[PDB]
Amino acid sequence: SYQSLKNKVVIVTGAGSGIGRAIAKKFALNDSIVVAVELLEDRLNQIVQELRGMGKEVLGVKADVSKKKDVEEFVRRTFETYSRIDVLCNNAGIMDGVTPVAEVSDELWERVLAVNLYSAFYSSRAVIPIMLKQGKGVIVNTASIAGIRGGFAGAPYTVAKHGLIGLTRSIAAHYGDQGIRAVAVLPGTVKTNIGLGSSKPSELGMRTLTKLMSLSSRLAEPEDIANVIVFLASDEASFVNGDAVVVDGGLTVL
């Protein structure tokens, strides 16, 4: 285990499924105190009961990270309960139907940007003051290879993930000298419940995604991403700041 993570207070969003669930369990396995933030009631109760079963300290919070009020509330609640916030994992996200620009409705554009990008801006803005007062904090953002390439998702998701990497670089640049580290992890194809965000994704968007899927038959498990996120949050990575770490098995290096 990473000794530096023992008793550190870690907020994990989207904790009820896939990568988020794996992140929560991995941090718990390292004796961190986990604040599991999840939109869905039953999923939240399930991950909370699992961590309790592991004999770890866990606080469950039902919230919609696209809502500023919900975010500010769980940040306040975490601080009031534990008196510190050491790690923030902005992980919750949704897909966009692989919808290309001309096919994007105002509703889709706004919702994907809100859940995948605004959420991280709200949380980072709220937690940074607390981390600065501590003189130390780490923010890990779950981006995607869609944050560096153009055909792995629709326009809303691609734009939001590029923007999320931008937010990561911004935080690292401005606050790195004050004890804050911000890093982004870019998964490729992972077996989770996110899907494509639609039972009928754009035919045009799929024409591109399907071709890219011909490049590899490898599918990562949530744990493979969580392993990297937890490492980056530990003092073992004290000098990794601002990087966009790709965890795609080599897919984008071809």
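Residue positions are given as counts along the sequence shown, with the first one as 1.
On average the C-alpha atoms of 108-116 have higher B-factors than those of the other stretch, with 138-146 and 108-116 being the two compared. Stretch comparison (71-79 versus 127-135) by mean CA B-factor in the PDB entry places 71-79 on top. Among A28, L196, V228, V37, the highest C-alpha B-factor in the deposited entry belongs to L196. When the modelled residues of the chain are ordered by their C-alpha B factor, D177 lands in the highest third. In the deposited entry, the Cα temperature factor of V185 sits in the bottom third of values across the chain's modelled residues.
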